[PDB]
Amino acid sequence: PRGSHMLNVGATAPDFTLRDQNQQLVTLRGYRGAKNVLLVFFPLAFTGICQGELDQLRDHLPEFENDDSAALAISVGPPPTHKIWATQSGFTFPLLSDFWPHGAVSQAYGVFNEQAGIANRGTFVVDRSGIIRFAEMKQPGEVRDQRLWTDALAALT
């Protein structure tokens, strides 16, 4: 529980179990020993810079979801909201609901905007040991770079 003091590289990634857009439970620990995990926090479905960011993820998804890697997008929306958006947008990767308690996982990663009640645009790569290996927060206005995500992942083996 850290508001917006982003966790740093070398920290243990906080565990979570959240519902995806099809109401399945996704748990970060379940990847430990098996894949590196890209976590893409985003503020609000249907609006903002994050439509373009998630569209880049989509447009390069086989590079992020494979035998070595998984990608999970996280926001405060509940599953029905993420289902509709994912269907319209062509998103087939998990969108997870940090919905109730509201923003709890975003807060644990230090990427929550307490004033607005939404996640900031933070991104992490978690290795097979559960350790944060890459961390960023983008300041209002600048869009994240999906090429940098793939490069971070490629370095992890």
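Start at 1 and count along the sequence shown; that's the residue number.
- Two stretches are in play, 92-100 and 111-119, and the higher mean C-alpha B-factor belongs to 111-119.
- Relative to one another, 35-43 and 48-56 have unequal mean CA B-factors, and 48-56 is the one with the higher figure.
- Residue 9: CA B factor lies in the middle third for its chain, per the PDB record.
- Per the PDB record, residue ranking by Cα B-factor puts residue 21 in the lowest third of the chain.
- When the CA B factors of the chain's modelled residues are split into thirds, the value for residue 27 lands in the middle one.
- When all modelled residues of the chain are sorted by CA temperature factor, residue 129 is found within the middle third.
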